[PDB]
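So the sequence lines, in the order shown, correspond to chains U, K, f, M and d.
Letter by letter, the first sequence follows residues 17 to 117 of the entry's author numbering.
Letter by letter, the second sequence follows residues 1 to 97 of the entry's author numbering.
Letter by letter, the third sequence follows residues 78 to 151 of the entry's author numbering.
Letter by letter, the fourth sequence follows residues 10 to 130 of the entry's author numbering.
Letter by letter, the fifth sequence follows residues 2 to 56 of the entry's author numbering.
Cβ atoms here follow ideal geometry from the backbone N, Cα and C, with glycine treated the same way.
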Amino acid sequence: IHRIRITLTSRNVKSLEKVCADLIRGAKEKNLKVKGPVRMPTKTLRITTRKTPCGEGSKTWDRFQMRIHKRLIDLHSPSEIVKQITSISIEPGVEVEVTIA
Amino acid sequence: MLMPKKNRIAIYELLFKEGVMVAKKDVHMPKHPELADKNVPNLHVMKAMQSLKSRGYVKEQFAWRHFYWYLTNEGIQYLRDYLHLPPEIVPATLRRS
Amino acid sequence: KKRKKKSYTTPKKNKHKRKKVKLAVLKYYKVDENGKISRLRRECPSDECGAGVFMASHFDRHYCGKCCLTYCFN
Amino acid sequence: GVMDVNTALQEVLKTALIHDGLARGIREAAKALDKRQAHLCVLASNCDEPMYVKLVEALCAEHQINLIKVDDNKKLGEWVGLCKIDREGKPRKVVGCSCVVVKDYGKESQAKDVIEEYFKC
Amino acid sequence: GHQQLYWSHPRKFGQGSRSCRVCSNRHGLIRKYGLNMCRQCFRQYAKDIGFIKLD
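Okay, here's the thing in structure tokens:
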């Protein structure tokens, strides 16, 4: 198959969206049809922890959040195009998983 | 302690071939993450490391449940004085300069 | 809160030291005084041990530890 | 300054002591003798017991080992050096053994060669 | 001798098999998502890991 998927995952929306837009622009410059981004429900990594190191005081808890955003984009291209568009000096945090399936 | 001496010369060979190392406190286990498969029991080897770095002449630095060591040239002189192995056998670590 | 109070029994114990003789009088003997001597232990026919493995003697079940071999007539 | 049995024997004994090993205790010494893993053994007899001497000499004949008779083992015990730990320490040695190879495995020496060529002839 | 005692009955809920990966503290462990710290150590490093107070 020529079907290739890209999964871009990061904790912020800005860098992830900029990377997605740049990748889509690069793919669209080539006369290639590419499926639109699909946005996963951004699973949230809640952790609640007692504030006081000891067991004294009013019962106060820190509610820590880690928001992980993940996007998938589908297209049809040989490996050379994908690995030439990947090395674009990506901004930090936007983990890329490119799969052929 | 309760350390044998053949394990001592084995660990001295290890220090001579190794020099700079990072350690993790692991005693009661039968399988270590990154310092097993040496054909030698792990507990005595790690206690040998404890002797090396707590004999009172080589300083340590412990944090994040780990040991990073600064092998002083005093240790080099001590090893040369005891085991009488000339330092003309340069360590192999001095490649990829 | 109180102490552990490990005091009622055994106030002080002395170490267990074995009066192991430096001379092999109880262990092995020749009783012949010759170049060729006899051995006072039964030949081990097991091939899971060495060729110099000599067992001691007790009231029964010669306790080697490594193999726990006991002579029985099936 | 001089070359003899004692001068190199002290060094070989000290090297055997340093490289751990050594048959210690009543066991693992006679066992190592009867397994014929080693080809040398130095035994001393300075007290009044001839039966042990006769027994070990018969065993040496059985192993075709010529007994070496050395006088004043205190000479070896004082020339080899007994520095040990700290400023005090004087542990004597009566039994001389060297597992795997008779001279040593760390160095190559012609002392083994001269010993063997004196033993054969 | 050693093998005559060790591994007799499996310890399938061994508490001592875990510790804080920063200070080796037995209590208040945070094993969720693999932090494996005492909650105090996690609070010390939570902002550096990526966990932030948003709500």
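Check: Return no unless some Cβ of chain K is closer than 8 Å to the Cβ of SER25(d).; Outcome: yes
Check: Looking at residue 11(U): is its Cβ nearer than 8 Å to the Cβ of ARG32(d)?; Outcome: Since the first residue shown for chain U is 17 and the last is 117, residue 11(U) is missing from the structure and cannot be characterised.
Check: To the nearest angstrom, report how far apart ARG41(U) and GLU113(U) are at their CA atoms.; Outcome: 19 Å
Check: With distances taken between CB atoms, is the gap from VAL89(M) to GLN46(M) smaller than 8 Å?; Outcome: no
Check: Check the Cβ of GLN41(d) against every Cβ in chain U and list those closer than 7 Å, keeping chain order.; Outcome: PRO69
Check: Examine chain M for any beta-carbon lying closer than 8 Å to the beta-carbon of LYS47(K), and answer yes or no.; Outcome: no
Check: Going by beta-carbon coordinates alone, are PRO57(U) and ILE89(U) separated by less than 8 Å?; Outcome: no
Check: Please name the residue or residues paired with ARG79(U) in a DSSP beta bridge.; Outcome: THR64(U)
Check: Could you list which residues in chain K have their beta carbon closer than 8 Å to that of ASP29(M), in chain order?; Outcome: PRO4, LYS5, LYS6, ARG8, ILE9
Check: Could you check if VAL108(f) is buried or exposed, using at least 16 other CB atoms within 10 Å of its CB as the buried criterion?; Outcome: exposed
Check: Please classify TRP69(K) as buried or exposed, where buried requires at least 16 other C-beta atoms within 10 Å of its C-beta.; Outcome: buried
Check: Spatial neighbours of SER123(f) within its chain, please: C-beta separation below 6 Å, excluding the five flanking residues on both sides.; Outcome: none
Check: Note down, in chain order, every chain d residue with its Cβ under 8 Å from the Cβ of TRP64(K).; Outcome: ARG22, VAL23
Check: Just checking: is the beta-carbon of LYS107(f) within a distance shorter than 8 Å of some beta-carbon in chain M?; Outcome: yes
Check: Buried or exposed for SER26(U), going by 16 or more other Cβ atoms inside 10 Å?; Outcome: buried
Check: Flag this pair as yes or no: are the beta carbons of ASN7(K) and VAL45(K) separated by less than 8 Å?; Outcome: yes
Check: Is the separation between the beta-carbon of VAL35(U) and that of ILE84(U) shorter than 8 Å?; Outcome: no
Check: Which runs of the beta strand (DSSP E) fall wholly inside the segment 22 to 56 of chain K and span at least 3 residues, in chain order?; Outcome: none
Check: Pick from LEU22(M), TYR127(M), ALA70(M): whose alpha carbon is nearest that of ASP113(M)?; Outcome: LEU22(M)
Check: Write down the C-beta distance between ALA70(M) and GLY112(f) rounded to the nearest angstrom, noting that I regard them as a contact closer than 8 Å.; Outcome: 7 Å
Check: Going along chain d, which residues have a C-beta under 7 Å from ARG66(U)?; Outcome: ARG40
Check: Quick one: using the 10 Å Cβ neighbour count with 16 as the cut-off for buried, is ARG87(U) buried or exposed?; Outcome: buried
Check: Residues in the segment 40 to 57 of chain U with C-beta within 9 Å of chain d's C-beta atoms, listed in sequence order?; Outcome: none
Check: Can you tell me whether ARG119(f) is buried or exposed? The criterion is at least 16 other CB atoms within 10 Å of its CB, across all chains shown.; Outcome: exposed
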